[PDB]
Structure formats: C-alpha cells, structure tokens
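**Student:** Partial complex here, more coming in a sec:
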Amino acid sequence: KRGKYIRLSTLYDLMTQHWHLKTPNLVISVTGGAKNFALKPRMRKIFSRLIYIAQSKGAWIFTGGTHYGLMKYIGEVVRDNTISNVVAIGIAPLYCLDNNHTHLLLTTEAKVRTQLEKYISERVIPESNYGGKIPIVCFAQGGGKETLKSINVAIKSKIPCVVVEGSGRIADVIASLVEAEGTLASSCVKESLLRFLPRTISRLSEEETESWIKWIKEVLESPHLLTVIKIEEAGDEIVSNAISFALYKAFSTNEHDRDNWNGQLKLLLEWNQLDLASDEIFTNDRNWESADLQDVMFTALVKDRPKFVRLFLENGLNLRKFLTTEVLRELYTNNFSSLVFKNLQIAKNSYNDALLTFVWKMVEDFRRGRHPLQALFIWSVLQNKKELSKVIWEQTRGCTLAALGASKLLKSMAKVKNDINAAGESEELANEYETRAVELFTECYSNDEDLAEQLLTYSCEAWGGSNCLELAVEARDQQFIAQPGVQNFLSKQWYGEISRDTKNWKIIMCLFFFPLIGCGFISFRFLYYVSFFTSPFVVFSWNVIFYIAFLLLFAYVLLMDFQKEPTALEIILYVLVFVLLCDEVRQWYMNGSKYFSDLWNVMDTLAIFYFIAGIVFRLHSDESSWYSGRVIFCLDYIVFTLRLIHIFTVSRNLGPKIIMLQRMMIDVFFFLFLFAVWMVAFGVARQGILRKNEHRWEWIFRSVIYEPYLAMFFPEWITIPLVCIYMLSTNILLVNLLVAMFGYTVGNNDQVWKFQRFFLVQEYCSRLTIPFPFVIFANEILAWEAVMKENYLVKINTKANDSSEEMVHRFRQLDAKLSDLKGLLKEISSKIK
Amino acid sequence: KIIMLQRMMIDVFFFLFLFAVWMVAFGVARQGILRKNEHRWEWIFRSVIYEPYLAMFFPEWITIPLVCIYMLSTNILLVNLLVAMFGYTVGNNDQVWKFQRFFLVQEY
Amino acid sequence: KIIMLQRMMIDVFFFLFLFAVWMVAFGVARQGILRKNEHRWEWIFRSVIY
C-alpha cells in the first residue's frame, strides 16, 4: 500500500520529524541503473544478510530506487523482512521505478544523495554510541563510472567508511589494488582494470580514462576506509564482520579516542566482534582498571553477547560483586520476555512442582520489590539463552546441582504445548544440562567417591530446596541416574553398613543365626548388631521372612484353630496385622491421592479393611455371622498371598525385566477389564434368553455379573450368526491378549530400567529402617567441585582436535609465509636496477 | 537357541513355583471355607497341598470381591507367565552362545 | 501400538477363518462316521456347521 515519493531538484527534518525514527546505522548501496546484474548464490546472500543487519540495527538503506538488478533485489528483500524495521529510502531506454522501497526521493541525482548522507555523518547525537556521529557505511559491488565517483565523494569529502567485495567489475579492481603498496601505484590502475574488464576502456576517451586513474588513486589515499569482503569467506556473519571492521577503522583512526578505550569497546560489543575486541583492547598495554567494565557488562548480558560475557570474566570481573540487588531486578522485569513469563504462568498452573513454585516466586519477588549467581543463571535459562547460560553455569558454586535444577526447570517448561518451537528448544537445552551434569559428576566420581557422594546429598542452601538426587528423580533425568556413580551410591545405601563384598547368602544365614554376625563372617566396613539390622537389605530380608511366617501362622489359625473363641493365636494375628496397618498409616503421608493409584498399594489397604471386617464378624457370637467371618478370612488369605507373590515377582525381575513387567501388568489388567465387560454382556444375553422372563428382583443385578463365571468355573437361522459372535468376540479378546504380551516392546534401554531400579529401591529405602515386629518401638565440598569443574572444562575444551585438524589456520599460516617470500623477491629486483 | 532356552527354563520354574504358592493358599482358603471345621489330624497338612490339584485334574456381598481375587490372581500369574516368555530377550550375541556351545560340549 | 494392533486383528481373523474351515471338515468327518447314514434333509447342511 504505502510508499511515499517526492519530486526534487534542510531535507532530513522532513523525514525524521514527519515520518519516522532515528538511525543507529546507515548503509549506502551504489550500483546505479545497471539493467543487468548477475545475482549469484553468493551476492544473493551478501545482500540478504545486509538487510537483516539493517533490520537488527535499525538502519536506512539509501539506493537508487529503480526496478533493475540489485536495486530491485534490495527492494524485494526489504518486503521479505517486513513479511517475516528497515527504511529503504530510494533516490533517483529509460528506467522504471521500483515498487518496493519505503520512501522515494526522485546521473543527475548523485549530488543530493551525497549532500544528505554527508549531513547525517555531520550530526551530533546524545545517545552517543559511535561518538555520536551516526555510523555511515557505503557498499560497492559493481562497475561503471557512477559507482566509482560514489566511492570518491564518500571517502574524499567526509569520512564514511566504504566496503567493497571481489565480485564485480570495478569493485574487484579496488579489491585487487589494496593488497599492494607501490607509492600510490601511479599506472597500476592501467595494469589493473584492463585484464579483468576489457570492454569499458574502449568506449570513452583517454583523458577521462586517465581521469579514472585520478579517480581510483585518490580512493587509495586512505586505505583505512576500505574493507574488502573477500571471496574465501564462505560462512555466515561476514557482512557484519566487514561493516563493523569498517566502522572500527573509521572510529579508532579519529586520533581523539586514544584515551577513549571504552568507546571502542561499546562499538565492538554491539557488533559481535569478539576476536577483534580481544587483541585490540584487552592486551595489557592499554590501561584499564577493570572497574569501568561493569556498565559494559550489563549491556553484554541483555543483548545476548555470550562470547563477550566470557571475555569480560576472564579479563577480571568479580561477578559476585557485580550482581548487586538491583541489577537482578533491572533484569527480571526490564529484560524478561513476556512470552516466557506468560509461559511461566501456564507451567506453574498446569504442571506444578516444588521447584517451579520457588522459581515462580523468585521471578515474582524481583518484579514486586541470597545466591545472586544462581538467580542470573535461572534468568538466562528460562529465556532459553543457549550460550549465555553456559557461561554463568561455570561461575556458579553448586555446579552439578544447578545443572540439574536447570535441566528440571526446562523439562517442565517444555511440557507446555503453548509453542512447540520454544518447547522443543528448552527440552533440547534440558537434555544437555543433564548431559552437563553427567560428565561433571563422572569427573567428580573419578576422584574420591566419599566426596562425590557427599555432594549428591548436599543440603543446597535452598537452591530449589533439594539435593542433586531429589532434583533428578522428579526431572526423570534417566542419564544422570543410570551413571555408575549414582548406581554405586544406591547399592551402598541399600546394602547399608554391610560391605557389598561379603556374599549374598552370607547375609541371609546371619538372620537365622544371630551369633554369626559377631564373628568375622560379615566384613561390614562394638555392637555391630545395630548396624547390621538397620541396613535396608536386612530389613527387607527380615520383613519377607516375617511375612512368610505370618502366612504360615495365619494358615494354622484358619485350619486348626478358629473354633468359637479368639484364643491366643488369633489375638497376635491382630497384632501382626496391626503393625501391617500401623506402618501403613505412618506411610499414609506423602500420598497426594495418587499413591493409591497402582492396584498393588491400594490393594494393601483394601486387604486389611477386608480383614478388619473379619474381626467385626468374629465378635458377634452367632453362627450366621461366625461362618461369615471365616469365609472373609479365607478369601483374605488369598489376598495376603498374592502380595507375597507380587513381592517375589518384583524382587526377582528387579533389573532389565522391570520395564517389561509392570508394563505388562497394566496391559493384562486392561485385558481382564475388557474380559469382564464381555462377561457382563454375555450374562445379560444368557439371562435374557433363558427362563424367568418377568419374575425378578435385585436378584438379577447380582447374578448377571456372576452367572457366566458359574458357567465357567429355535435354531431357525440365528445359530449361524451365533458362531459369528464367537468369531468376533474371540478375535477382539485375543487381540487384547496379544497386545498385553507384546506391548512391552514398542516405545537408551539401559538407562530406562536403571532409573526404575533406582526409583524402586529409593522408594523402599524411604521407609522405616526397622523390621516389622519393632515398628511399635519407634561449603567445603562446593570448593572441591569447583576444582572438579575446572578439570572438566579442560576436557571438553581440548576435545577440539577434529576441528583443529580442520586446517583453516594452516591454510593461512603459509599465506603469511609465502608473502614473506613474496616481498623479499620484489625488493631484491629494486637493488640491481 | 541355547541362550533363549535354559534362561526360559529357570523363568518357567519361577512361575511354577509362584503357581505352587498360589495353589497352597487356594487350598487353605478352600479347606477353611468348606466343612470338617474342627475334626483334623496331619490329614490336613497332606491334603491342602493336593486338594486344588484334585480340583484341577452365603453370597451376601463377598461374591463380588471373590471375582476381584480372580482378577488379581489371574493378573499376577499371567504376568509371571509372560515374563517367562519374553525374559530371554532383555540383557555381541554371537559370542554369548558360542561360549555356551563350547562350555556344554567340553563339559560332555 | 496402533500398528501392532489392527495388523494382529486381521491376522487372528485369518486364523479363526482357518479354524472355521477345519471345524467344518471335522463336522463332515464326525457326521459321516456316526449314525443316521441315509436319513437326511437340509438338517445336515445346518448341523455340520454347528
């Protein structure tokens, strides 16, 4: 729709006050009305990165606004960036106008264009990044007389830097006449420009062709205003590597900023020029006190310059002193994206955990109003700052802990389906913090194990309120828990103070004979009995041994005993069931109404509440309910044995088979549910066909459920589709049987069961450490892993060997060596003349 | 197949052991419900083991949780059957049985 | 599991079809061996299936 045009033969105020904003940058593309322009894949990429740079910095792009070649391509990339701001101001047998430039200002036109861009270079700006002065860059890529005087009237009149590149007619000439000092090279303009564009010279006079030598040689009077985008730069970020190096040349060669090292820094920080700021600013010949490196640091954090945050820290900057109380609150509401904070609302409400509630409250108390480094780390983790958060992680104190808390915080924010691009990136970043915490902890465990396991259970000083183990189970970090350091820790927490090298049977035979513990039979690590009978392998072995002897005594009570009076056997049957209930109520904490959602732990409570009702029917003294108190004991005897069968089932397949099992358990429960649905519908069909048509009660609703199980434990033409029922009901129920068989397969497999073997054993170790009959009777290590982190960061940094075998340093280290041989060849010719 | 077999042999022996445990508990429940309440000997301890195999070779509200036993005892015993089937899979596979084929033949 | 299922559904339907073919041939063999040798109707073609 839009596009403004002004016929023209003082100007700048009629477009910054009436129309639009201010310029942090200003690019000049000069080709002129070249009706042909060979757009390669390279030149299509150079002038597409350039408009993205002008989109980022907010520049004006002055060019000739006619619909030909580059200037129609520059215009159509501008509307591509307004589809996915850029102000492409245009100034111009006959050319047609370009319908893609934002403002039009239409040979005869290249004087008002110069005297405008020479005025914007003249300005003084109180924002003052480039010493004020509004950075002007002039590109050049093609040939002709017009683009030659455009480089002239830029460089000669004022100081805008000019960038050329080696693909074109005369921009390849000046790309060849800059790697040469020949005392201005008075006729090498003729020795160039003819052998690389031979048809333009035989179209005009000699006195103007020599004027082109006068044109070119006054460009080269200042080679600090001439950057060349060379051809071998086959990579991204080479336009901004040339624009910033052109702006750094024109700024630093003002002969006024010798005391102004900071203005060179903020320029080289806005562009991502790390390898230029390291060797031209931080070289210890320049005098800085590392005290004014703080406002430059706060800009390196908010604009996401991760390589500059790392450079400021390794040149001396105490990040603990820098992160004051108000810098964190100029960072959590000023520089916090609201799309993440809106996504932080949905994660806190829909998938709520204990870590998120600390994170949601610590985001809030900074946007409403002490571990400062671990607040900057969460700030750069929530916003998916991929490489800034890797710099702050290396400065934290609890580094294995914060690598797991970040890996949990991202894994919860990637459970939100509000945007699967942000939820796909943060899941990917969480999978490389869990990997970051594996290989840091295997570095900690390759040192002494007593310190690395001191670190697993560190009290966190309220990081999230949990140690590294608790923060890894809730994140379901299967790679952190399947590592051999954590598995060795759990197998020592389960074997207890008994050594794991004694034997397996040697522990069991000490239960049946107590005086074998006091000898040198077991090789544990004065009253070793309180150490033997507190290890949860012995507590589990005694509880199963007690539970079998409880079932062999409940079998004697049921058959031989139980005449009419609850004699001395049946009273202690309450007391053994009472400690099977007293431990359940003391484990009835931490349930959340989801502990009973597994059909083997609600079965435990429903086996006692179906047994307590057997003590109710016991103490009624009538034969009509004494026998009803026996059939509810005999039915409950099978429930107590299936729990023993389930204990033997889990404790034998506690390994690689614990994933196949307990997935097949809920797959057979679904088949038995579908079989119960079919037996109900078979019961209605069998009751509706047979007799007693209308003679009914609530007899029916209690028989139809059970009549097919009593059936388990007129043929006119309907008998043939009765078989088609038994060819359909057999098919849909056998498929549910085979889905139960093979459903464990479909759906890295070592870390799946090692997480489950960890999660089940730590669930049992979180019970009481005393056996069944006796339930009624009841910053020095953070400094160590800071050493272990620096040893680890050396490992991953010197793994750049297959990138060191990429010889891009060796492809160019002999270019300096062949030019060392080149220049000595030339000067020895000058002596013998 | 010498790794699949003899791993499935000790996996079916565990299922038959758990089935024998369940048939013992089914025998106590069937003997305790039926008659001959207090008229006993060592007749009981030798019959309860065998009465369910002779069974293999008042409904007030307890009959519905009797089916929930046959929906639990079927579940925990069929899982032990399928663990016996598929337990050979979980756990370079050519050198596992070539060691066992060597170890059995050198044992003979 | 939606690929394992509905591939096993048409694989059990083929087994139940082959089982129905075998039960038909078992019905002819059991009817031809037992009595009522030549005393027949369309009683036979509706019983041998069942």
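**Tutor:** That came in fine, so what should we check first? Numbers count the residues shown, from 1 in each chain, chains lettered A, B, ... in the order given.
**Student:** Could you check how many residues crowd around residue A:695?
**Tutor:** 8 (other CB atoms under 10 Å in any protein chain shown). Quick note: C-beta positions are derived from backbone N, CA and C, even for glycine.
**Student:** could you measure it against residue A:711, distance?
**Tutor:** Residue A:695 is 20 Å from residue A:711, where distance means CB to CB, to the nearest Å.
**Student:** Likewise for residue A:349?
**Tutor:** Remark: distance between residue A:349 and residue A:711 (CB to CB) = 52 Å.
**Student:** what's the answer for residue A:419, then?
**Tutor:** Relative to residue A:711, and taking CB to CB, residue A:419 is found at 57 Å.
**Student:** what does residue A:424 give?
**Tutor:** Applying CB to CB to residue A:424 and residue A:711 gives a distance of 55 Å.
**Student:** List of residues touching stretch A:504-512?
**Tutor:** Here stretch A:504-512 makes contact (CB atoms under 8 Å, 6 or more residues apart in numbering or on different chains) with A:498, A:516-517, A:521-522, A:532, A:537-538, A:541-542, A:545.
**Student:** Residue A:415: what's its closest spatial neighbour, skipping adjacent residues?
**Tutor:** Nearest residue to residue A:415 in three dimensions, chain neighbours excluded: residue A:351, at 4.8 Å (CB to CB, 6 or more residues apart in numbering or on different chains).
**Student:** slot chain D in:
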Amino acid sequence: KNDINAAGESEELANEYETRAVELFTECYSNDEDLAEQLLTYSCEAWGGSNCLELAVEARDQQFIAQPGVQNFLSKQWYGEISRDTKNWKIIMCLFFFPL
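**Tutor:** Placed with the earlier chains, chain D looks like this:
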C-alpha cells in the same frame, strides 16, 4: 510395473520431494505457527483441487505427516478450542457437571 527402472527413479524422486516438503515446512513452522497452519489448509486455487494435508494422506507421505508441525496441528484440531494445557481429567469432569 511397466518399467521398474523408471518406476524406481520416480519413487526415489518422490521420496525427495516429500523430504523437500518436510524441511520447507519445518522452516515455516519454526516461524509463527498460525501462518504455517494457515498454509496446511490452503485452498490451492485448484492445484490438484486439494490442500497440503489432503495431498499427503493420499500419497501416504509418512514423513510429512509425522513431523511435529503437522502432529501439533492435528492435536489442536482434536482438542478444538480447548487449550491442550488444561488437563485430561479436567475436560471429562465438565461433562458430568456443566457449570464447571
């Protein structure tokens, strides 16, 4: 099956147009999702008379449809105007009690 050399080449060229349409659409879905899903159901101005989704099911283009952009589109077409972040049980208990 008239010539399995020409039928082996055109199957190979079809498998790299489906791949050409996966990685173009994941580029479209790494930008805003409301425009990429505007594009899945484009009325084609009679290209073949069908959108990108209808032209991918009949081709059995399993790689175009298993990509996370198309799976996220369908899980929004199935959850409807309900957000997928509510809960699973939270939707069901509103059927039994309309004022929730």
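**Student:** ok, now which ones touch the residue in the stretch 351-500 of chain A that chain B sits nearest to?
**Tutor:** Closest approach of the stretch 351-500 of chain A to chain B (CB to the nearest CB) occurs at residue A:482, with a separation of 15.1 Å. Neighbouring residues of residue A:482 by CB under 8 Å, 6+ apart: A:750-751, A:754-755, A:758.
**Student:** Save the residues you listed as JSON lines, and put in distance to chain D and neighbour count too.
**Tutor:** Output for those, formatted as JSON lines (distance: CB to the nearest CB, whole Å; neighbours: other CB atoms under 10 Å in any protein chain shown):
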{"residue": "A:750", "distance to chain D": "26", "neighbour count": "10"}
{"residue": "A:751", "distance to chain D": "23", "neighbour count": "15"}
{"residue": "A:754", "distance to chain D": "28", "neighbour count": "22"}
{"residue": "A:755", "distance to chain D": "24", "neighbour count": "21"}
{"residue": "A:758", "distance to chain D": "28", "neighbour count": "21"}
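**Student:** Any chance of JSON lines for those residues, columns secondary structure?
**Tutor:** Listed next are the contacts of residue A:482 as JSON lines, based on DSSP: H, G, I helix; E, B strand; the rest coil:
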{"residue": "A:750", "secondary structure": "helix"}
{"residue": "A:751", "secondary structure": "helix"}
{"residue": "A:754", "secondary structure": "helix"}
{"residue": "A:755", "secondary structure": "helix"}
{"residue": "A:758", "secondary structure": "helix"}
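**Student:** one more, chain E:
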Amino acid sequence: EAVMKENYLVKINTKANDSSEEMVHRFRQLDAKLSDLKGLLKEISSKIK
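**Tutor:** One more piece, chain E, placed on the ones above:
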C-alpha cells in the same frame, strides 16, 4: 512462504562445508601463488646478464 523458501534454500546451499573442506580450490589457489613466485624468479635472471 516465498520468504520462507528463500530462507530454506540458503540453509541447504551453505551445507556444502564437507565439500568446501575438499580443498580442490586450495590445491590450485597456491599453484597460482607458486607461479606468481615462479615468473618473478625468471625475469630477475634476465636483468643481471
């Protein structure tokens, strides 16, 4: 998506890095550099004769 296609064609075109690491340009860019050194060796012999 015409904008989204041109962003995509940039991705697959600049994936020629393992073919750029094939140094067939670098095997011949020094042949012009060694011949730059070669011809200057020959003409300096012609001056001292």
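**Student:** please look at the contacts of residue A:482 again, because chain E has been put in.
**Tutor:** Per CB under 8 Å, 6+ apart, neighbours of residue A:482: A:750-751, A:754-755, A:758.
**Student:** Wait, residue A:476 touches residue A:752, no?
**Tutor:** No. Shown here, residue A:476 and residue A:752 do not form a contact pair, counting by CB atoms under 8 Å, at 10.2 Å.
**Student:** Widest-spaced pair of the contacts of residue A:482?
**Tutor:** A:750 and A:758 (12.4 Å; CB to CB).
**Student:** In the stretch 601-750 of chain A, which residue sits closest to chain E?
**Tutor:** residue A:748 (27.7 Å).
**Student:** Neighbours of that residue, how many?
**Tutor:** With other CB under 10 Å as criterion, residue A:748 counts 7.
**Student:** now do residue A:358
**Tutor:** Residue A:358: 18 neighbours (other CB under 10 Å).
**Student:** what's the nearest residue to it if we skip its chain neighbours?
**Tutor:** Closest to residue A:358 by CB to CB, 6+ apart is residue A:464, at 5.2 Å.
**Student:** hang on, isn't the one you found packed against residue A:471?
**Tutor:** Yes. Between residue A:464 and residue A:471 there is a contact at 6.4 Å, judged by CB under 8 Å.
**Student:** Those two: which is more packed in?
**Tutor:** residue A:471 (28 against 25).
**Student:** Please name the nearest non-neighbouring residue to that one.
**Tutor:** residue A:404 (4.6 Å).
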